[PDB]
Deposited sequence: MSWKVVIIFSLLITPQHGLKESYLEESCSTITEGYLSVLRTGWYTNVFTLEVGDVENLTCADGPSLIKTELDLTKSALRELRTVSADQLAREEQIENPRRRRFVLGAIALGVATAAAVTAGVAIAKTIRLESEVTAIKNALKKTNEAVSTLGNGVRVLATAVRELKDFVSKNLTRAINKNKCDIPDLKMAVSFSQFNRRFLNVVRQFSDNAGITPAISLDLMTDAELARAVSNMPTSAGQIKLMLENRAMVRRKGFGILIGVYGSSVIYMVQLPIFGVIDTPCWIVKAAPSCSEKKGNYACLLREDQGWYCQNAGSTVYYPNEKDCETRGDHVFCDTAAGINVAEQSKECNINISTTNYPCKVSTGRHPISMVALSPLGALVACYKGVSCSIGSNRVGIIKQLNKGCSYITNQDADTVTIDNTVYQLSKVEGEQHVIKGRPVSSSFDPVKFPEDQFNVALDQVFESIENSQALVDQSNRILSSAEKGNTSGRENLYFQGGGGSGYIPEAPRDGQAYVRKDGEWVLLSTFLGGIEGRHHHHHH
């Protein structure tokens, strides 16, 4: 990793990250076979088996009041919530195909002689179909034989404990779908075991290196996917799991951090703040800007981003890290007439905007307070310090390793006359700030 402190704008850019981009969704349809449990009855009073049977029938009946479909410029603000909404739209759209009675029987037909099969739906979409039959097999082969004419308080406690082991997964699947109205927020271990997740990732329509990274880091696949209830069909619970396809890996990414750049003359301030902070990743000849926090996530040098969360930006947008004052690109900034003191942590350090009214210092976990910082924008290396403080507020630096570089330059905010600085601006092109000053003076 290589981090550049951009002195002219009180910002950093950290390069050397490797992309892991979610480019598609792989659909794994499940049929969890429960078995013939309605036709089982316990009439000999309270029992361990009766308790497990009553839980199982109550969970199966509860599943029918759950339904996932039919009833039973500020760049960051433009992209906010898009990927999350896009994920639900995609999942609900294919669930509409799967929910058809004919599509379900076709799924069950593909699973008659095996526990896994690749299937194509009526809309031409290819999915993986998986059967889960232990509970049905236990009910048919073992439990029903032991309840000869409705006597469940049998001396075999192994049978009662076996029942509670075999129905645990089905009960959790019902809990997770009933609590979330049919759309789970993630892929639990009851929707998809480790073996099933490894089997589904291996079947994804992408290349070997992508599948190897997803297999070796499948807890992240778990975290980025979700499950949708399709419905109950006979004694089978049918749901689908949307698995993220990380189809592009190891392309260049970089992150931009920024803090308020304030310059003062005669007690008055001119301040600006870069509004292009966040992650950038390249793919197939274009650069995508991911302006919102929840949309990208690092694991070491790799950054996991949802492509549906980004905005395609021009290549020239990188000149905001180069010649922000003179560039022809409309570099986005906000402005203020009064300073904000704060800390913007970087991958390899911290940006410290320390202005009049606060005290700032850097600290060591072994040695304590190292030094007080001077007023202005300061760049602290995580080799220089372990913590940075604004007054008493502690900011713990990362310990990520990499080379830091200072790209010298007079802060653009220093060129402003505070007496002529415009009204506070929010997410405006920087040349519109200059245009405001130049027009108001003419």
Deposited-sequence stretches lacking C-alpha coordinates, listed in sequence order: 1-18, 91-102, 473-542
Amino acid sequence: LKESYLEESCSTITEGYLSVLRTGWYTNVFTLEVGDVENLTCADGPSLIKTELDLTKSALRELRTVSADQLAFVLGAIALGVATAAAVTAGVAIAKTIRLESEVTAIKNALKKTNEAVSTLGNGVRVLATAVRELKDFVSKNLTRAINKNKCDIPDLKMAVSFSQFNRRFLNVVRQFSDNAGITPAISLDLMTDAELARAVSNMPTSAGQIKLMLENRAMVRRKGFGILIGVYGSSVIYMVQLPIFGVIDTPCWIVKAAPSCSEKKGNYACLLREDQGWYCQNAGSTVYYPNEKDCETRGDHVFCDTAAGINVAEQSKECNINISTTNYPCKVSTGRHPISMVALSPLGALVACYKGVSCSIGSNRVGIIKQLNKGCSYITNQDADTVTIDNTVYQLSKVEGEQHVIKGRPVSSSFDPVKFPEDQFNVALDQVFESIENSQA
From here on, numbers count along this sequence of modelled residues.
Stretch exceeding the other in mean C-alpha B-factor - 226-234, 141-149: 141-149
Stretch exceeding the other in mean C-alpha B-factor - 433-441, 3-11: 433-441
Residue selected from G124, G363, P260, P252 by maximal Cα B factor: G124
Top Cα B factor in the deposited entry, candidates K266, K332, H302, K212: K266
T389 CA temperature factor, ranked by third within the chain: lowest
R274 - which third its CA temperature factor falls in, relative to the rest of the chain: lowest
Assigned third (lowest, middle, highest) for the C-alpha B factor of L63: highest
Cα B factor band for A43 (lowest, middle or highest third within the chain): highest
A353 - which third its CA temperature factor falls in, relative to the rest of the chain: middle
